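Visitor: So I've got this file, target.cif, and it contains mmCIF, C-alpha atoms:
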data_final
#
loop_
_atom_site.label_atom_id
_atom_site.label_comp_id
_atom_site.auth_asym_id
_atom_site.auth_seq_id
_atom_site.Cartn_x
_atom_site.Cartn_y
_atom_site.Cartn_z
CA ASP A 39 -21.89 -4.56 19.60
CA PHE A 40 -21.11 -2.72 16.41
CA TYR A 41 -24.35 -4.13 15.00
CA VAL A 42 -26.56 -1.60 13.20
CA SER A 43 -30.31 -1.96 13.74
CA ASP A 44 -30.79 -3.48 10.25
CA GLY A 45 -28.35 -6.33 10.90
CA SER A 46 -25.44 -4.63 9.15
CA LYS A 47 -22.27 -3.81 11.12
CA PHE A 48 -20.69 -0.46 12.00
CA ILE A 49 -17.14 0.21 10.83
CA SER A 50 -15.58 2.85 13.06
CA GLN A 51 -12.44 4.77 12.13
CA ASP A 52 -9.37 4.68 14.38
CA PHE A 53 -9.80 8.35 15.33
CA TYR A 54 -13.40 8.06 16.57
CA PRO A 55 -14.21 8.61 20.27
CA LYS A 56 -14.64 5.67 22.61
CA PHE A 57 -18.03 3.96 22.40
CA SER A 58 -19.77 1.42 24.64
CA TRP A 59 -23.30 0.30 25.41
CA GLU A 60 -22.47 -0.09 29.11
CA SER A 61 -24.60 2.91 30.07
CA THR A 62 -26.39 5.51 27.96
CA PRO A 63 -23.65 6.95 25.67
CA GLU A 64 -23.25 10.66 26.47
CA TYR A 65 -21.91 13.75 24.69
CA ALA A 66 -21.43 16.96 26.72
CA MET A 67 -21.16 20.38 25.10
CA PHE A 68 -20.88 23.52 27.13
CA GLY A 69 -19.09 26.76 27.81
CA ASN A 70 -18.85 29.47 30.42
CA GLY A 71 -17.89 32.90 29.16
CA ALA A 72 -17.06 33.84 32.76
CA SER A 73 -14.33 31.34 33.59
CA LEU A 74 -12.75 27.96 33.02
CA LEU A 75 -13.85 24.71 34.63
CA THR A 76 -12.77 24.11 38.22
CA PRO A 77 -10.78 20.92 39.08
CA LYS A 78 -13.95 19.17 40.36
CA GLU A 79 -16.02 20.16 37.33
CA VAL A 80 -13.58 18.62 34.85
CA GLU A 81 -13.84 15.47 36.99
CA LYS A 82 -17.64 15.42 36.90
CA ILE A 83 -17.84 15.90 33.12
CA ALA A 84 -15.04 13.43 32.44
CA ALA A 85 -16.66 10.66 34.48
CA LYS A 86 -19.84 11.27 32.44
CA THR A 87 -18.55 11.27 28.86
CA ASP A 88 -15.62 10.42 26.57
CA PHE A 89 -16.75 12.96 23.98
CA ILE A 90 -17.20 16.67 24.70
CA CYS A 91 -17.21 19.99 22.90
CA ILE A 92 -16.28 23.50 24.09
CA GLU A 93 -18.75 26.26 23.16
CA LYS A 94 -18.46 29.48 21.19
CA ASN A 95 -17.30 31.91 23.95
CA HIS A 96 -15.69 29.70 26.56
CA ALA A 97 -13.77 31.67 29.23
CA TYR A 98 -13.19 34.46 26.70
CA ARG A 99 -13.81 37.11 29.37
CA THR A 100 -10.79 35.94 31.41
CA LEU A 101 -8.58 34.31 28.73
CA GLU A 102 -9.33 37.02 26.12
CA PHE A 103 -10.22 34.58 23.30
CA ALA A 104 -12.50 31.57 23.00
CA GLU A 105 -9.86 29.38 21.36
CA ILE A 106 -7.64 29.99 24.35
CA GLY A 107 -10.48 28.90 26.63
CA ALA A 108 -10.87 25.85 24.40
CA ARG A 109 -7.12 25.18 24.54
CA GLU A 110 -7.20 25.27 28.37
CA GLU A 111 -9.99 22.69 28.54
CA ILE A 112 -8.43 20.38 25.95
CA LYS A 113 -5.30 20.34 28.13
CA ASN A 114 -7.27 19.84 31.35
CA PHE A 115 -9.48 17.02 30.06
CA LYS A 116 -6.70 15.18 28.24
CA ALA A 117 -4.53 15.33 31.36
CA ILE A 118 -7.09 13.45 33.44
CA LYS A 119 -8.69 11.27 30.70
CA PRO A 120 -6.17 10.71 27.90
CA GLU A 121 -8.60 8.83 25.65
CA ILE A 122 -11.20 11.66 25.66
CA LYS A 123 -12.12 13.50 22.48
CA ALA A 124 -12.62 17.26 22.71
CA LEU A 125 -14.10 19.29 19.85
CA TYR A 126 -13.55 22.96 19.04
CA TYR A 127 -16.50 25.07 17.84
CA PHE A 128 -16.99 27.45 14.94
CA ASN A 129 -20.02 29.01 13.25
CA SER A 130 -20.18 29.06 9.44
CA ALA A 131 -22.76 31.85 9.37
CA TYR A 132 -22.75 34.21 12.38
CA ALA A 133 -19.48 36.04 12.93
CA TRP A 134 -19.43 35.59 16.71
CA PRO A 135 -16.52 37.84 17.83
CA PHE A 136 -15.22 35.76 20.74
CA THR A 137 -12.10 34.30 19.15
CA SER A 138 -9.05 36.18 17.94
CA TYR A 139 -10.02 35.10 14.43
CA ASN A 140 -13.36 36.95 14.62
CA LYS A 141 -12.29 39.82 16.90
CA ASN A 142 -12.70 42.48 14.20
CA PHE A 143 -16.36 41.61 13.48
CA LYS A 144 -17.85 44.29 15.68
CA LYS A 145 -19.29 47.70 14.96
CA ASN A 146 -16.26 49.49 16.38
CA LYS A 147 -13.54 47.57 14.51
CA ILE A 148 -14.97 46.25 11.26
CA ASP A 149 -14.56 49.48 9.25
CA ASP A 150 -10.81 49.21 10.02
CA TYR A 151 -10.48 45.85 8.19
CA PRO A 152 -12.04 46.27 4.73
CA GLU A 153 -10.60 42.95 3.62
CA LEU A 154 -12.65 41.13 6.28
CA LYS A 155 -15.73 43.34 5.87
CA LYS A 156 -16.09 42.19 2.27
CA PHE A 157 -16.86 38.69 3.66
CA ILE A 158 -20.14 39.93 5.13
CA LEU A 159 -23.61 40.12 3.59
CA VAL A 160 -24.92 43.65 3.01
CA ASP A 161 -28.52 44.78 3.06
CA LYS A 162 -29.26 45.90 -0.49
CA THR A 163 -31.89 48.48 0.48
CA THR A 164 -29.90 50.31 3.18
CA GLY A 165 -26.36 49.44 2.13
CA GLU A 166 -25.73 48.55 5.80
CA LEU A 167 -24.35 45.22 6.99
CA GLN A 168 -26.99 42.66 7.83
CA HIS A 169 -26.89 41.62 11.46
CA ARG A 170 -28.66 39.88 14.33
CA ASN A 171 -28.11 41.81 17.58
CA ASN A 172 -25.03 43.35 15.92
CA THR A 173 -23.56 39.99 15.01
CA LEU A 174 -22.64 40.02 11.32
CA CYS A 175 -23.30 37.43 8.63
CA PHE A 176 -20.70 35.56 6.59
CA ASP A 177 -21.44 35.10 2.85
CA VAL A 178 -20.70 31.48 1.79
CA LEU A 179 -21.13 32.55 -1.86
CA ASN A 180 -17.94 34.65 -1.58
CA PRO A 181 -15.06 32.29 -2.55
CA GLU A 182 -12.55 34.44 -0.71
CA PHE A 183 -14.53 34.11 2.49
CA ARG A 184 -14.69 30.33 2.10
CA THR A 185 -10.91 30.11 1.76
CA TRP A 186 -10.40 32.37 4.77
CA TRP A 187 -12.96 30.43 6.79
CA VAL A 188 -11.42 26.99 6.17
CA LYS A 189 -7.96 28.28 7.01
CA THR A 190 -9.42 30.01 10.09
CA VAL A 191 -11.16 26.87 11.39
CA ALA A 192 -8.00 24.82 10.88
CA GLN A 193 -5.96 27.42 12.79
CA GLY A 194 -8.32 27.18 15.76
CA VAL A 195 -8.25 23.39 15.85
CA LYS A 196 -4.45 23.37 15.59
CA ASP A 197 -3.96 26.07 18.27
CA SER A 198 -6.38 24.48 20.73
CA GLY A 199 -5.15 20.93 20.10
CA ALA A 200 -8.73 19.74 19.79
CA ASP A 201 -9.59 16.41 18.15
CA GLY A 202 -11.98 18.01 15.64
CA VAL A 203 -14.54 20.76 15.28
CA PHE A 204 -18.29 21.25 15.67
CA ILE A 205 -19.50 23.38 12.73
CA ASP A 206 -22.65 25.31 13.46
CA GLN A 207 -25.21 26.51 10.83
CA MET A 208 -25.70 24.91 7.39
CA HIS A 209 -28.11 27.39 5.83
CA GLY A 210 -25.80 30.05 4.39
CA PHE A 211 -28.60 32.64 4.96
CA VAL A 212 -30.44 31.18 1.96
CA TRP A 213 -33.58 33.07 3.00
CA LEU A 214 -31.75 36.30 2.14
CA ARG A 215 -30.97 35.16 -1.42
CA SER A 216 -33.53 32.46 -2.09
CA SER A 217 -33.12 32.82 -5.86
CA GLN A 218 -29.55 31.51 -5.37
CA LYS A 219 -30.63 28.53 -3.23
CA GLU A 220 -28.85 25.91 -5.30
CA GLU A 221 -25.63 27.95 -5.37
CA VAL A 222 -25.65 28.48 -1.61
CA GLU A 223 -26.28 24.78 -1.01
CA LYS A 224 -23.39 23.84 -3.29
CA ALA A 225 -21.06 26.48 -1.85
CA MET A 226 -21.65 25.24 1.70
CA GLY A 227 -21.00 21.66 0.66
CA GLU A 228 -17.78 22.84 -0.99
CA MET A 229 -16.72 24.71 2.14
CA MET A 230 -17.28 21.61 4.26
CA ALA A 231 -15.38 19.30 1.93
CA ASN A 232 -12.42 21.68 1.74
CA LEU A 233 -12.43 21.89 5.55
CA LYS A 234 -12.43 18.10 5.85
CA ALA A 235 -9.45 18.01 3.47
CA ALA A 236 -7.53 20.77 5.25
CA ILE A 237 -8.07 19.22 8.69
CA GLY A 238 -5.72 16.44 9.75
CA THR A 239 -6.75 12.93 8.79
CA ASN A 240 -7.50 12.10 12.47
CA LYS A 241 -9.81 15.08 13.06
CA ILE A 242 -13.56 14.70 13.60
CA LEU A 243 -15.72 17.09 11.55
CA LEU A 244 -19.18 17.37 13.14
CA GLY A 245 -21.89 19.15 11.14
CA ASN A 246 -24.81 20.44 13.20
CA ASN A 247 -28.20 19.50 11.66
CA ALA A 248 -26.31 18.21 8.61
CA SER A 249 -27.63 14.62 8.54
CA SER A 250 -30.05 15.50 5.71
CA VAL A 251 -28.01 18.29 4.07
CA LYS A 252 -27.24 16.49 0.81
CA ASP A 253 -24.15 18.47 -0.23
CA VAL A 254 -22.63 18.58 3.27
CA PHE A 255 -23.27 14.94 4.26
CA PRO A 256 -20.29 13.44 2.33
CA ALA A 257 -17.83 15.70 4.18
CA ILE A 258 -18.76 15.05 7.80
CA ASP A 259 -17.75 12.32 10.21
CA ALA A 260 -20.58 13.19 12.59
CA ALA A 261 -23.85 15.06 12.80
CA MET A 262 -26.00 16.47 15.60
CA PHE A 263 -29.80 16.58 15.85
CA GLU A 264 -30.24 19.84 17.80
CA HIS A 265 -34.02 19.73 18.41
CA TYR A 266 -34.23 23.52 18.59
CA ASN A 267 -38.00 23.93 18.20
CA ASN A 268 -41.24 22.03 18.68
CA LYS A 269 -41.31 20.99 15.02
CA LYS A 270 -38.03 19.08 15.53
CA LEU A 271 -39.68 17.51 18.61
CA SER A 272 -42.88 16.51 16.77
CA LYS A 273 -43.89 12.84 16.61
CA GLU A 274 -43.41 12.92 12.83
CA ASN A 275 -39.96 14.47 12.91
CA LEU A 276 -38.74 12.06 15.59
CA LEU A 277 -39.85 9.13 13.41
CA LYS A 278 -37.84 10.61 10.53
CA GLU A 279 -34.78 11.18 12.72
CA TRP A 280 -34.65 7.53 13.83
CA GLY A 281 -34.42 6.78 10.12
CA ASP A 282 -31.72 9.43 9.75
CA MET A 283 -29.74 7.87 12.62
CA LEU A 284 -29.83 4.54 10.78
CA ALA A 285 -28.60 6.18 7.57
CA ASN A 286 -25.83 7.95 9.53
CA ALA A 287 -24.86 4.60 11.03
CA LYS A 288 -24.79 2.83 7.69
CA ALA A 289 -22.56 5.57 6.25
CA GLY A 290 -20.01 5.21 9.02
CA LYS A 291 -20.92 8.47 10.77
CA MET A 292 -21.59 9.50 14.35
CA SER A 293 -24.88 10.91 15.57
CA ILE A 294 -25.46 13.25 18.51
CA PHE A 295 -29.10 13.15 19.61
CA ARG A 296 -29.31 16.42 21.59
CA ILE A 297 -32.26 17.50 23.71
CA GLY A 298 -32.56 20.77 25.54
CA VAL A 299 -35.88 21.07 27.37
CA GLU A 300 -36.01 24.83 26.85
CA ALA A 301 -37.14 24.04 23.29
CA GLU A 302 -40.44 22.74 24.70
CA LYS A 303 -41.45 26.32 25.61
CA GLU A 304 -43.32 24.59 28.42
CA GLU A 305 -45.83 26.58 30.46
CA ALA A 306 -43.98 26.21 33.79
CA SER A 307 -41.14 28.33 32.36
CA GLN A 308 -43.61 31.10 31.43
CA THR A 309 -42.75 34.43 32.96
CA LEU A 310 -39.61 33.53 34.95
CA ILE A 311 -36.26 35.33 35.06
CA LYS A 312 -32.68 34.53 36.14
CA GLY A 313 -32.07 31.79 38.71
CA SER A 314 -35.79 31.17 39.14
CA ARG A 315 -35.98 30.36 35.44
CA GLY A 316 -32.96 28.08 35.76
CA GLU A 317 -34.56 26.24 38.68
CA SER A 318 -37.72 25.64 36.67
CA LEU A 319 -35.74 24.47 33.63
CA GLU A 320 -33.67 22.09 35.77
CA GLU A 321 -36.81 20.63 37.32
CA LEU A 322 -38.37 20.22 33.88
CA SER A 323 -35.28 18.39 32.62
CA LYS A 324 -35.52 15.95 35.53
CA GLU A 325 -39.24 15.31 34.93
CA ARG A 326 -38.71 14.90 31.18
CA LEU A 327 -35.51 12.78 31.20
CA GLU A 328 -37.22 9.39 30.87
CA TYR A 329 -39.24 10.55 27.87
CA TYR A 330 -36.25 12.00 26.00
CA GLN A 331 -33.89 9.21 27.03
CA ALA A 332 -36.43 6.79 25.59
CA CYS A 333 -36.66 8.82 22.37
CA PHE A 334 -32.89 8.50 21.87
CA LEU A 335 -32.86 4.81 22.76
CA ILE A 336 -35.52 3.94 20.17
CA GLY A 337 -33.20 5.14 17.41
CA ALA A 338 -29.81 4.56 19.06
CA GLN A 339 -27.05 3.10 16.87
CA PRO A 340 -23.40 2.31 17.50
CA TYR A 341 -21.40 5.55 17.78
CA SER A 342 -24.51 7.58 18.55
CA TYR A 343 -24.51 9.71 21.70
CA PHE A 344 -27.07 11.47 23.91
CA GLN A 345 -26.72 15.10 25.07
CA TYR A 346 -29.18 16.40 27.68
CA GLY A 347 -29.98 19.59 29.59
CA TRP A 348 -31.70 22.93 29.04
CA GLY A 349 -29.06 24.94 27.20
CA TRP A 350 -25.48 25.11 25.97
CA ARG A 351 -23.72 26.26 29.16
CA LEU A 352 -21.69 24.49 31.82
CA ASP A 353 -24.53 25.23 34.25
CA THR A 354 -27.38 23.83 32.08
CA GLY A 355 -26.90 20.06 32.21
CA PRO A 356 -23.28 18.81 32.29
CA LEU A 357 -22.98 19.13 36.10
CA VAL A 358 -26.45 17.75 36.87
CA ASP A 359 -26.83 14.26 38.33
CA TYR A 360 -29.18 12.31 36.04
CA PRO A 361 -28.80 8.83 37.60
CA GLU A 362 -30.84 7.10 34.85
CA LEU A 363 -28.07 7.94 32.37
CA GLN A 364 -25.76 5.81 34.60
CA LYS A 365 -27.91 2.69 34.68
CA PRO A 366 -26.78 -0.53 32.97
CA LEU A 367 -28.11 -0.61 29.42
CA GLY A 368 -26.35 -3.20 27.25
CA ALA A 369 -26.43 -3.84 23.53
CA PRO A 370 -29.76 -3.38 21.74
CA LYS A 371 -31.60 -6.55 20.83
CA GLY A 372 -32.41 -5.38 17.31
CA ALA A 373 -34.40 -2.53 15.80
CA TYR A 374 -37.27 -0.70 17.47
CA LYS A 375 -40.80 -1.88 16.77
CA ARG A 376 -43.72 0.33 15.84
CA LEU A 377 -46.34 -1.03 18.21
CA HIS A 378 -49.25 -0.18 15.93
CA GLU A 379 -49.89 0.69 12.43
CA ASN A 380 -50.28 4.50 12.39
CA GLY A 381 -49.92 4.74 16.18
CA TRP A 382 -47.10 6.65 17.86
CA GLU A 383 -45.98 4.13 20.47
CA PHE A 384 -42.63 2.45 19.91
CA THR A 385 -40.69 -0.18 21.84
CA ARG A 386 -37.16 -1.57 21.88
CA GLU A 387 -35.21 -3.96 24.11
CA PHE A 388 -31.59 -3.91 25.28
CA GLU A 389 -29.59 -6.44 27.33
CA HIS A 390 -30.51 -4.71 30.59
CA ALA A 391 -33.52 -2.53 29.75
CA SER A 392 -36.94 -2.39 28.10
CA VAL A 393 -38.06 0.85 26.43
CA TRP A 394 -41.57 2.10 25.56
CA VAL A 395 -42.41 5.61 24.38
CA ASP A 396 -45.54 7.37 23.08
CA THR A 397 -44.39 10.36 21.04
CA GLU A 398 -47.96 11.56 20.55
CA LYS A 399 -48.94 11.87 24.22
CA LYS A 400 -45.29 12.41 25.30
CA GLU A 401 -45.00 9.51 27.77
CA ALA A 402 -42.35 6.85 28.39
CA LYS A 403 -41.24 4.02 30.61
CA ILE A 404 -37.75 2.56 30.70
CA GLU A 405 -37.81 -0.68 32.66
CA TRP A 406 -34.31 -1.29 34.05
CA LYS A 407 -33.24 -4.90 34.56
#
Now that the file is in, can you turn its structure into structure tokens?

Guide:
Amino acid sequence: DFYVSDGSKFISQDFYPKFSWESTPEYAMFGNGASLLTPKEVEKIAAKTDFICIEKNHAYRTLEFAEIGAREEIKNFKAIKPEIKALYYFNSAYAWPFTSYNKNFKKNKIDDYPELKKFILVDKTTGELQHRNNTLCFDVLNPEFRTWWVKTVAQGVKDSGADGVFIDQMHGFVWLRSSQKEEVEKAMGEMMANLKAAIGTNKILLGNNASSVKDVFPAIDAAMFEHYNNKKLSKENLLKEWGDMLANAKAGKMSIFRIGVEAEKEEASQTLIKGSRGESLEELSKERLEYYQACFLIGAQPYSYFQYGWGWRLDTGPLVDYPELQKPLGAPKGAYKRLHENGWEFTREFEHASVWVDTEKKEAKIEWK
């Protein structure tokens, strides 16, 4: 059903990804800086999802540039599953130097490209470029950067053949110029609208954490809830996000409800390193799947999708067998119910499942029919 949880109907556009309530709708987003996906790995992802996104550095160590890695996976996935949608990635804020477009944003090259260096925020006290681990910061207030950036994102979508682009970061480093908050907010909304215009009319623009970003919302076809800290996972914020998923639905937009269990900062993953940390995170994702699956299902709308794992890499979720995500679900039988008044237990029913979740005590049961 295209029915929204308030009885209104969803009106998809022709260029949206495939959607069905047959099992839990899934979005996969991943990269491996080391290499491209093997034959069998493309098959595993493709049988899991009709809607995927290639990450910021994919295969750039072996194909030189991340948009080439993207291009390889668009080709590979479209070959086996023609109806799949594959999104490119680009950050509006951090000048990650993994594409050809951003290759000069490093300490060794940037002084050789003064025209690109003027796009970056400078520390006023030292006169040095601001950075985070030597990754530089775009300045959305600079109109010349915004023009470059839109043209640059369009280039990467066109070269990779992707069906759209995931745009990461909405904040424009407002904390570095908080007196100019309203200007930054407006400038980022203007960037995103100009990008939507420059992109082909069949391209999906996904704004990360943009569902409530007032100036960016009108530009995007899709938004992600990234759940990157415990505040985003709080019982109060989840309640709000189910409301935001409804509003996204009513506006004709797609929602990605993303959970990575590394954001829990659980105690089991305390002082662990390398593969031992990955083993613990995998085992936590398995133990937590029913809870987080239930959290998505309480707010799920048409053209909303679930992404699960413990990171952003090929090896942190996309290749993991979560059999509950393959169980028959069916169309929701209306909107979730708040069990109580003031309590944090919520239920909802689907054709082939019953869902209960307690977002205070962090418990769930999905009864499969």

Visitor: Calculate how many Å separate atom CA of residue A:320 from atom CA of residue A:356, rounding to one decimal.

Guide: 11.4 Å

Visitor: Please evaluate the PyMOL selection byres ((chain A and resi 277) around 10) against the structure above and give the resulting residues as a list in words.

Guide: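 Applying the expression gives residues 271, 272, 273, 274, 275, 276, 278, 279, 280, 281, 282, 333, 336, 337, 376, 382, 384 and 397 of chain A.
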
Visitor: Quick check, in Å to one decimal: how far apart do atom CA of residue A:161 and atom CA of residue A:187 lie?

Guide: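 Distance between the two atoms: 21.5 Å.
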
Visitor: Pick out the residues sitting within 9 Å of stretch 131-134 of chain A, and hand them over as an MDAnalysis selection string; count only C-alpha atoms, and ignore anything fewer than 5 positions along from it in its own chain.

Guide: chainID A and resid 94:95 140:141 143:144 158 169:170 173:178 206:211

Visitor: For the selection you just gave me, I'd like the residues written to a file as a short mmCIF file (atom, residue, chain, number, x, y, z; two decimals), in the coordinates of the input, keeping C-alpha atoms.

Guide:
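Result file follows (result.cif):
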data_model
loop_
_atom_site.label_atom_id
_atom_site.label_comp_id
_atom_site.auth_asym_id
_atom_site.auth_seq_id
_atom_site.Cartn_x
_atom_site.Cartn_y
_atom_site.Cartn_z
CA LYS A 94 -18.46 29.48 21.19
CA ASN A 95 -17.30 31.91 23.95
CA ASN A 140 -13.36 36.95 14.62
CA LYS A 141 -12.29 39.82 16.90
CA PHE A 143 -16.36 41.61 13.48
CA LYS A 144 -17.85 44.29 15.68
CA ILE A 158 -20.14 39.93 5.13
CA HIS A 169 -26.89 41.62 11.46
CA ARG A 170 -28.66 39.88 14.33
CA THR A 173 -23.56 39.99 15.01
CA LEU A 174 -22.64 40.02 11.32
CA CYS A 175 -23.30 37.43 8.63
CA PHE A 176 -20.70 35.56 6.59
CA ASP A 177 -21.44 35.10 2.85
CA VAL A 178 -20.70 31.48 1.79
CA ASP A 206 -22.65 25.31 13.46
CA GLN A 207 -25.21 26.51 10.83
CA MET A 208 -25.70 24.91 7.39
CA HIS A 209 -28.11 27.39 5.83
CA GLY A 210 -25.80 30.05 4.39
CA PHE A 211 -28.60 32.64 4.96
#

Visitor: Skipping near chain neighbours, those fewer than 6 positions away, what residues fall within 9 Å of stretch 359-374 of chain A using only C-alpha atoms, listed as number ranges by chain?

Guide: A: 39-45, 58-64, 86, 324, 327-328, 331, 335-339, 384-391, 406-407

Visitor: Quick one: pull the distance between atom CA of residue A:79 and atom CA of residue A:323, Å, one decimal.

Guide: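 For atom CA of residue A:79 relative to atom CA of residue A:323, the distance reads 19.9 Å.
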
Visitor: Contacts of residue A:88 at 10 Å or less, counting only C-alpha atoms, minus same-chain residues fewer than 2 places along, as a list in words?

Guide: residues 55, 56, 57, 63, 64, 65, 66, 83, 84, 85, 86, 90, 115, 119, 120, 121, 122, 123 and 124 of chain A

Visitor: In terms of the shortest atom-to-atom distance over only C-alpha atoms, which of A:163, A:130, A:137, A:142 is closest to residue A:194?

Guide: A:137

Visitor: Using the chain letters and numbering of this document, enumerate as a list in words the residues selected by the PyMOL selection byres ((chain A and resi 284-293) around 8).

Guide: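 Output from the PyMOL selection byres ((chain A and resi 284-293) around 8), applied to this file: residues 42, 43, 46, 47, 48, 49, 50, 249, 258, 259, 260, 261, 262, 263, 280, 281, 282, 283, 294, 295, 337, 339, 340, 341, 342 and 343 of chain A.
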
Visitor: Produce a file of the selected residues containing C-alpha atoms, as a CSV table (one decimal), in the coordinates of the input.

Guide:
chain,number,residue,atom,x,y,z
A,42,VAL,CA,-26.6,-1.6,13.2
A,43,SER,CA,-30.3,-2.0,13.7
A,46,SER,CA,-25.4,-4.6,9.2
A,47,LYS,CA,-22.3,-3.8,11.1
A,48,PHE,CA,-20.7,-0.5,12.0
A,49,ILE,CA,-17.1,0.2,10.8
A,50,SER,CA,-15.6,2.8,13.1
A,249,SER,CA,-27.6,14.6,8.5
A,258,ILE,CA,-18.8,15.0,7.8
A,259,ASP,CA,-17.8,12.3,10.2
A,260,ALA,CA,-20.6,13.2,12.6
A,261,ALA,CA,-23.8,15.1,12.8
A,262,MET,CA,-26.0,16.5,15.6
A,263,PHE,CA,-29.8,16.6,15.8
A,280,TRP,CA,-34.6,7.5,13.8
A,281,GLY,CA,-34.4,6.8,10.1
A,282,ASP,CA,-31.7,9.4,9.8
A,283,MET,CA,-29.7,7.9,12.6
A,294,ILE,CA,-25.5,13.2,18.5
A,295,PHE,CA,-29.1,13.2,19.6
A,337,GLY,CA,-33.2,5.1,17.4
A,339,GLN,CA,-27.0,3.1,16.9
A,340,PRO,CA,-23.4,2.3,17.5
A,341,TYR,CA,-21.4,5.6,17.8
A,342,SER,CA,-24.5,7.6,18.6
A,343,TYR,CA,-24.5,9.7,21.7

Visitor: How would you write, as a PyMOL selection string, the residues chosen by the PyMOL selection byres ((chain A and resi 245) around 6) on this structure?

Guide: chain A and resi 205+244+246+248+261

Visitor: Using all atoms listed in the file, which residue out of A:394, A:89, A:350, A:344 lies closest to residue A:329?

Guide: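 For residue A:329, the nearest of the given residues is A:394.
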
Visitor: Within 12 Å of residue A:101, counting all atoms listed in the file, which residues qualify if same-chain residues fewer than 6 places away don't, as a ChimeraX atom specification?

Guide: /A:70-74,95,107-111,136-138
